[PDB]
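Just the one chain here, laid out as structure tokens, in the form deposited without the named molecule.
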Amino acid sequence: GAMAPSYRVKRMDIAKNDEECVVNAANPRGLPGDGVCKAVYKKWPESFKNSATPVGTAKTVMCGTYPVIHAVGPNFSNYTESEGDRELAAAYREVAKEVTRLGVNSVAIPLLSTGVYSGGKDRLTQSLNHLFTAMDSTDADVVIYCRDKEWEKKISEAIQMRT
């Protein structure tokens, strides 16, 4: 584990991460997809061999020795708020299991279901809180990746609030 496990946030492409493994914001069919998923496909295409996995699950595939954790958050266009909420919480629990299993000291993680799977709603706080609930019991350095200037500020505030 990390000597003093931390949370950090950076505003940049997760494909350029400086961590021991990456979480993909995957689709259930292991398709190239859009957003983080598309960047992950361009950087680690080998990781998409048999990556298909059901909603609320995570499946790790190695690109070389570099672990890609395909986490499938729900598309809130398809789920009810209640059921989507359950599946989003579950995807993050499965990420925490996989990060523990791999024995990595760091992980790069996007906010699941905050892009084209958000159903046109701001789910920053909902997604980040499910991330904290899953990852708080792990000793991995967590680095959250985002693209929006205002989201970087709000994620940074939420991290600092608890320190």
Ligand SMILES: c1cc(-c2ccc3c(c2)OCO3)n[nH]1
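Numbering starts at 1 and follows the sequence shown.
Keep in mind that the form deposited with the named molecule bound is not shown, yet the notes after this line are about it.
In the deposited bound form, at least one heavy atom of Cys146 sits within 4.5 Å of a heavy atom of the named molecule. Proximity of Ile14 to the named molecule in the deposited bound form: non-hydrogen atoms within 4.5 Å are present. When the named molecule is considered in the deposited bound form, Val36 lines it closely, a heavy atom lying within 4.5 Å.
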